[PDB]
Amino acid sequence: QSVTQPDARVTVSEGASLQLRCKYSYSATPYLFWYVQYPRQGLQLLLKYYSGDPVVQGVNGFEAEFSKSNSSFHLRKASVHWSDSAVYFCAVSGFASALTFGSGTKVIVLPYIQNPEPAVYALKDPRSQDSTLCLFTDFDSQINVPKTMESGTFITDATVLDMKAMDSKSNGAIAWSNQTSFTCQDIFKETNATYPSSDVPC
């Protein structure tokens, strides 16, 4: 009949531990679950509890401990990894009671960029004169990506891309403006190493 997740977002570093708090208000002997949602798919069950052993396990050492004592069902993971980034939902049911969900907690796990080379590049759309945008990339997971200020100028949120090599993880954000002449140096003023498209044959 009621579940409460106090934190809507939890940013943790790869390697560090994770705990998601869940509080519930159910008359009965509630059943308890944790579902996870990968970007733009349905929810997949992560772990569940009905009776007996108060500590339930799931895939990857995901633990959830029940406590009528203090009405909680906190999720915990010893060490988190990049692939763990998702939205975790807590839910409560009971005999002849349909699943009730919490508001969810988006877990954002920051990967370790061993050798970071912060650089902002100006790219061009050839099939369109004037069309250019700034690519901020290879920065460190701890740096905060500048927010937008003006109208007609936009900066996306950091995304992490992975190639098929052991390293090949890269942070990136994109910015663009419909202004007459503002460069990548000022829209991303709070950062390092602006390599301008001066171009050289050799």
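Just count from 1 along the sequence shown to find any residue number.
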{"item": "Residue range whose averaged C-alpha B-factor is higher in the record, 98-106 or 115-123", "value": "115-123"}
{"item": "Average Cα temperature factor in the PDB entry - higher stretch of 159-167, 130-138", "value": "159-167"}
{"item": "Third of chain Cα B-factors occupied by residue 54", "value": "highest"}
{"item": "Residue 1 CA temperature factor, ranked by third within the chain", "value": "middle"}
{"item": "Chain-relative CA temperature factor third for residue 42", "value": "middle"}
{"item": "Ranked C-alpha temperature factor of residue 23 among modelled chain residues, by third", "value": "middle"}
{"item": "For residue 32, the third of its chain into which the C-alpha B factor falls", "value": "middle"}
